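Q: model this:
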Amino acid sequence: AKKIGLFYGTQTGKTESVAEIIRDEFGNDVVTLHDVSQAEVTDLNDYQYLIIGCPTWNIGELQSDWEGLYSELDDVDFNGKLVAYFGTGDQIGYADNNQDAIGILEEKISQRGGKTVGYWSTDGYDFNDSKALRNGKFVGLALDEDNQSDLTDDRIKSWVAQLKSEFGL
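A: Residues are numbered from 1 along each chain as shown. Okay, here it is:
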């Protein structure tokens with residue numbers, strides 16, 4: 001049943017416990033992160049829903065990839081699963097959306113079998129959800145030294161809505 005997880009291969013960020021926010025966002029309790037790196041990728045292998053941050057840096061049209069040192073969902077033989085990516089931030093990687101016939105599917109999990117989300121295309125938010133779950137409610141703020149600013153406050157609710165959207169609105 002429902003059991004989304006988040007597996008990455010890089011540090012976190014400058015946020016407290018986003019995993020908590022996203023967790024409270026998803027509504028349910030479905031929150032399986034790779035935090036248990038001490039385990040096997042089989043964990044996510046059991047589930048057909050994971051979240052990624054950024055793609056790896058391995059180019060090649062034939063000969064290039066020699067070997068690696070990690071066990072990410074990208075490795076698992078994922079089949080027709082849902083994969084939610086961080087989304088956008090500040091970059092551009094031209095590539096065929098998806099609807100196109102050219103080349104061999106074999107290349108990545110995303111193309112292997114399933115759907116991948118990342119972009120946000122609002123249209124209608126007249127739903128109003130409320131996943132009453134034991135957690136707590138406490139609003140606040142804090143002036144961060146850094147100058148740069150952060151995204152909206154309903155961002156998590158957005159991205160989350162995005163994942164839940166594609167995943168299974």
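Q: Which residue ranges of the chain form strands?
A: 5-6, 32-33, 49-52, 81-85, 114-117 (DSSP state E).
Q: what's the residue lying closest to residue 122 once chain neighbours are set aside in contact with, if anything?
A: The shortest distance from residue 122 to any non-neighbouring residue, by Cβ to Cβ, 6 or more residues apart in numbering, is to residue 158 (7.8 Å). Placement of C-beta: from N, CA and C, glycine included. Listed by Cβ atoms under 8 Å, 6 or more residues apart in numbering, the contact set of residue 158 reads 120, 122, 152.
Q: now, which of the residues you listed sits nearest residue 67?
A: Looking at the contacts of residue 158 and their distance to residue 67, the nearest is residue 120, at 35.8 Å (Cβ to Cβ).
Q: OK, contacts around that closest one?
A: 87, 88, 158, 159, 162.
Q: between those residues, which is closest to residue 71?
A: Scanning the contacts of residue 120 for proximity to residue 71, where the rule is Cβ to Cβ, the winner is residue 87, at 24.2 Å.
Q: Need the phi and psi values for the closest residue to that closest one other than its chain neighbours.
A: With Cβ to Cβ, 6+ apart as the criterion, residue 87 has its nearest non-adjacent residue at 4.8 Å, and that residue is residue 118. Torsion angles at residue 118 (phi, psi; degrees, to the nearest 10) stand at phi -170, psi -50.
Q: burial of residue 118, as a residue count?
A: 16 (other Cβ atoms under 10 Å).
Q: Show the contacting residues for residue 163.
A: 4, 26, 51, 84, 117.
Q: As a markdown table, those with distance to residue 102 and neighbour count would be great.
A: Compiled in a markdown table, the contacts of residue 163 are given as follows (distance: Cβ to Cβ, whole Å; neighbours: other Cβ atoms under 10 Å):
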| residue | distance to residue 102 | neighbour count |
| --- | --- | --- |
| 4 | 31 | 22 |
| 26 | 36 | 19 |
| 51 | 28 | 24 |
| 84 | 25 | 23 |
| 117 | 22 | 18 |
